[PDB]
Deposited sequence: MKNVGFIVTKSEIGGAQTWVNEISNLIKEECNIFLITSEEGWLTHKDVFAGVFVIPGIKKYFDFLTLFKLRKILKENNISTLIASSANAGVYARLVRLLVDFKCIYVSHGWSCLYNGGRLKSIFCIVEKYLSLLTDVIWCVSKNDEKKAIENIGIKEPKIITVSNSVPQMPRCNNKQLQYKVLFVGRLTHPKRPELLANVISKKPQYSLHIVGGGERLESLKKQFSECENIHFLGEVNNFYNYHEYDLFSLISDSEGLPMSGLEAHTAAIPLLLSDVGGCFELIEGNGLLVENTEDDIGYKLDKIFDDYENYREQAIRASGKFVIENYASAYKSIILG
């Protein structure tokens, strides 16, 4: 059986790590999967991995001995495909192509680069990459236009997730799912909803009691396997910076309307099934009332679109990139 490796910087839940976990579950019957990371944490306790390699040197943007340890790992474990996520991981995964033959796949994950300096690096690192995997049309546009990666390098196939449970009378229940630290901005959303007692906010994700006396603001804290989108009426993610957020994809497959910041690839989740916002208290309050005053129309479109980002529709394309 084929040996595939995922290399990441952090092992904490969320973002790329959740993606790695989800993709590993998808291909797990067709290959052996190895994890390479800088630290131990949530991801490294996952049983899907045939083996886990913790190299703390990965936390450094570059380091020769870390590079050589990666080479040793690929060769000794006969790993013929390496899928890299995050900048640091990407640095080692592509430099090590100079030293080892394997299929090197670097995944965009929103190009958190944020500046024309990281852009330069990524452009030249693409020369060492067998596949630049863009997980959103907006990541593809950034790669081609802002970074300078050539299109022959790029395979663009959207992120997607397993279908969340779907549901109910309108209860004006808003749901926020994600880390509470910047660029994420739940404080902005909670503030808006706090002044509207008929609405409510549940936040899933340091931590806050600014709203300790707002009766309609509820912090559930971190919930690792959150799948209860179907209990809520509206998913809202307010943030200064996003790629194509997994939580947004999840809400989408759960057929609930969305209220998202107009950043990164959030617009790719919205057709008639929600609204894009400026991170203004005014703009968020206005578009919130707009959806809730006209709710069944946004709900009908959420329902209509809810098959769009379901991972079964993308599986063969994913498997083709990774196993082909």
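task = Could you list the ranges of the deposited sequence that have no C-alpha atoms in the model?
result = Model skips 115-120, 174-175, 214-219 of the deposited chain.
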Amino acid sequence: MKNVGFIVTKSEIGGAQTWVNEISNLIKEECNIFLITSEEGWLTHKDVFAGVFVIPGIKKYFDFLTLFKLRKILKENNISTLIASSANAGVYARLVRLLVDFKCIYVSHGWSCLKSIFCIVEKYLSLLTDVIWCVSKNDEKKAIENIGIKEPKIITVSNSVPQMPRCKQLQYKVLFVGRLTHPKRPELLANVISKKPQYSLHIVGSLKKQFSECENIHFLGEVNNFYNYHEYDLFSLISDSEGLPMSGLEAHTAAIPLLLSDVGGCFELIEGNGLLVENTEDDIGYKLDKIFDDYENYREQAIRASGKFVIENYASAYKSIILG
From here on, numbers count along this sequence of modelled residues.
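request  = Averaging the C-alpha B factors as listed in the entry, name the stretch that ends up higher: 63-71 or 253-261.
outcome  = So the stretch with the higher mean C-alpha B-factor is 63-71.
inquiry  = Mean CA temperature factor from the deposited coordinates, higher in 195-203 or in 156-164?
reply    = Stretch with the higher mean C-alpha B-factor: 195-203.
ask   = Based on what the PDB entry reports, which of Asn216, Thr81, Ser247, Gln171 has the top C-alpha B-factor?
value = Top of the list by C-alpha B-factor: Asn216.
request  = Could you check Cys31, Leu275, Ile36, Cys266 and tell me which one carries the biggest Cα B-factor in the deposited entry?
outcome  = Spelled out: the listed residue with the top C-alpha B-factor is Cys31.
query = When the modelled residues of the chain are sorted by Cα temperature factor, does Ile270 land in the lowest, middle or highest third?
reply = Lowest third.
query = Ranked by Cα temperature factor within the chain, is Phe118 in the lowest third, the middle third or the highest third?
reply = Answer is highest: the recorded C-alpha B-factor places it there.
request  = Grab the CA temperature factor for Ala143 from the record and place it in the lowest, middle or highest third of its chain.
outcome  = Middle third of the chain for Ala143's C-alpha B-factor.
key: Assigned third (lowest, middle, highest) for the C-alpha B factor of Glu22   = Middle third, going by the recorded CA B-factors of the chain.
task = State the tercile, meaning the lowest, middle or highest third, of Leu220 with respect to the CA B-factors recorded for its chain.
result = Highest third, going by the recorded CA B-factors of the chain.
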